[PDB]
Engineer: 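Sharing a structure below in structure tokens format, with a few things to ask.
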Amino acid sequence: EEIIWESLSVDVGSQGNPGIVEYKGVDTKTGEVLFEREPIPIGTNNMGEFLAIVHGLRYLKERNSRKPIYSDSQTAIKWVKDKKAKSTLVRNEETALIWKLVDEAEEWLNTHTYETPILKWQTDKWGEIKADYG
RNA sequence: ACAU
DNA sequence: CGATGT
Ligand SMILES: [K+]
Ligand SMILES: [K+]
Ligand SMILES: [Mn+2]
Ligand SMILES: [Mn+2]
């Protein structure tokens with residue numbers, strides 16, 4: 001129904017899919033950029049969305065913030081809930097970096113706790129997520 | 001089909 | 001038009 005304005009919104013950007021992947025997190029209300037990940041040479045859209053949520057969890061926990069996270073990715077939301085990123089991306093030397101990050105994000109989820117609500121951004125009703133790259 |  | 005996902 002109503003946007004929860006006191007929240008963090010994340011989004012992925014890519015050049016190709018698979019391709020160069022980056023992500024960022026922003027204050028939903030103000031658009032202030034709170035974090036941005038250095039581009040990763042090869043990854044998928046869903047790996048990036050997953051990393052963005054987990055980074056959001058770690059960012060909010062470090063700051064003792066109870067804000068929710070918005071993501072528009074049904075896939076990544078599920079992967080975080082499951083603590084398992086079920087990506088189809090081949091493992092090779094060019095994908096080693098993204099896979100290490102994904103593996104390490106899963107490991108963090110399996111060794112930490114959080115109450116942070118992870119919410120679906122309802123693009124059909126509210127327009128583009130505030131962290132959108134465009 | 002839905003979400004990217 | 002292609003690809004990533006549930
Ligand atoms: K995007
Ligand atoms: K499809
Ligand atoms: Mn997105
Ligand atoms: Mn986007």
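Side-chain atoms are counted along with the backbone in the values below, which use heavy atoms only and exclude waters and symmetry mates. Residue numbers start from 1 in every chain, and the chains themselves are labelled A, B, ... in the order their sequence lines are given, proteins ahead of strands.
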Engineer: Output all residues satisfying side-chain hydrogen bond (donor to acceptor under 3.5 Å, both in side chains) with A:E36, sequence neighbours left out; order by chain, then residue number.
Structural biologist: none
Engineer: Identify the heavy atoms of A:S9 and A:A131 that sit nearest to each other, and give their distance.
Structural biologist: O-CB, 3.4 Å
Engineer: Is there a residue in residues 71-102 of chain A whose heavy atoms reach under 4.0 Å of RNA chain B, and which residues are they?
Structural biologist: A:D72, A:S73, A:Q74
Engineer: Using the side-chain hydrogen bond (donor to acceptor under 3.5 Å, both in side chains) criterion, which residues pair with A:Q122? Sequence neighbours excluded.
Structural biologist: A:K125
Engineer: Under a 3.5 Å distance rule, please check whether A:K24 uses its side chain to pair with a backbone N or O of A:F35 as donor and acceptor.
Structural biologist: no
Engineer: Which atom pairs, donor and acceptor, lie under 3.5 Å between side-chain atoms of residues 85-93 of chain A and protein residues at least two apart or in another chain?
Structural biologist:
from: A:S87; atom 1: OG; to: A:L89; atom 2: N; distance (Å): 3.1
from: A:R91; atom 1: NH1; to: A:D103; atom 2: OD2; distance (Å): 3.1
from: A:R91; atom 1: NH2; to: A:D103; atom 2: OD1; distance (Å): 3.1
from: A:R91; atom 1: NH2; to: A:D103; atom 2: OD2; distance (Å): 3.4
from: A:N92; atom 1: OD1; to: A:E94; atom 2: N; distance (Å): 3.0
from: A:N92; atom 1: OD1; to: A:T95; atom 2: N; distance (Å): 3.0
from: A:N92; atom 1: OD1; to: A:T95; atom 2: OG1; distance (Å): 3.4

Engineer: Using the heavy-atom set of chain A and a strict 4.0 Å cut-off, write down the first and last nucleotide of DNA chain C that makes it in, 5' to 3'.
Structural biologist: C:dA3 to C:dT6
Engineer: Can you name the side-chain hydrogen bond (donor to acceptor under 3.5 Å, both in side chains) partners of A:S7, sequence neighbours left out?
Structural biologist: A:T28
Engineer: Which side-chain N or O atoms in residues 73-83 of chain A pair as donor and acceptor under 3.5 Å with protein atoms at least two apart or in another chain?
Structural biologist:
from: A:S73; atom 1: OG; to: A:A76; atom 2: N; distance (Å): 3.0
from: A:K78; atom 1: NZ; to: A:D82; atom 2: OD1; distance (Å): 2.9
from: A:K78; atom 1: NZ; to: A:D82; atom 2: OD2; distance (Å): 3.3
from: A:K83; atom 1: NZ; to: A:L109; atom 2: O; distance (Å): 2.9

Engineer: Any residue in residues 40-49 of chain A with a heavy atom nearer than 4.0 angstrom to RNA chain B? Just list them by number, or reply none.
Structural biologist: A:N45, A:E49
Engineer: Listed in order of residue number, which residues of residues 6-24 of chain A have a non-hydrogen atom at under 4.0 Å from RNA chain B?
Structural biologist: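 The stretch gives none, as no residue of it lies under 4.0 Å from the strand.
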Engineer: What is the distance from atom NZ of A:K67 to atom CG of A:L34, rounded to the nearest 0.5 Å?
Structural biologist: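 That separation rounds to 7.0 Å.
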Engineer: Does anyone know the first and last nucleotide of RNA chain B in reach of chain A, 5' to 3', at under 4.0 angstrom to a heavy atom?
Structural biologist: B:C2 to B:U4
Engineer: How far does CD of A:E104 sit from CH2 of A:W99, to the nearest 0.5 angstrom?
Structural biologist: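 Answer rounded to 0.5 Å: 13.0 Å.
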Engineer: To the closest 0.5 Å, what do you measure between CD1 (A:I98) and CD1 (A:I42)?
Structural biologist: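 Between atom CD1 of A:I98 and atom CD1 of A:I42 there are 9.5 Å.
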Engineer: Looking only at non-hydrogen atoms, find the nearest pair between A:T44 and A:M47 and report the distance.
Structural biologist: OG1-N, 3.1 Å
Engineer: Can you tell me which residue among A:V12, A:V10, A:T123 is in a side-chain contact (heavy atoms from CB on, under 4.5 Å) with A:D72?
Structural biologist: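 For A:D72, the side-chain contact (heavy atoms from CB on, under 4.5 Å) test succeeds with only one of A:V12, A:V10, A:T123, which is A:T123.
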Engineer: So how far is it from A:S14 OG to A:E22 CD, rounded to the nearest 0.5 Å?
Structural biologist: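 One finds 9.0 Å between OG of A:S14 and CD of A:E22.
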Engineer: What pairs of donor and acceptor atoms, side-chain ones from residues 53-62 of chain A against any protein atom, are under 3.5 angstrom apart with sequence neighbours left out?
Structural biologist:
from: A:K61; atom 1: NZ; to: A:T113; atom 2: O; distance (Å): 2.7

Engineer: Transitive ILVMFWY cluster of A:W126 at side-chain heavy atoms under 4.5 Å: who else is in it?
Structural biologist: A:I3, A:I4, A:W5, A:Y70, A:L119, A:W121, A:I129
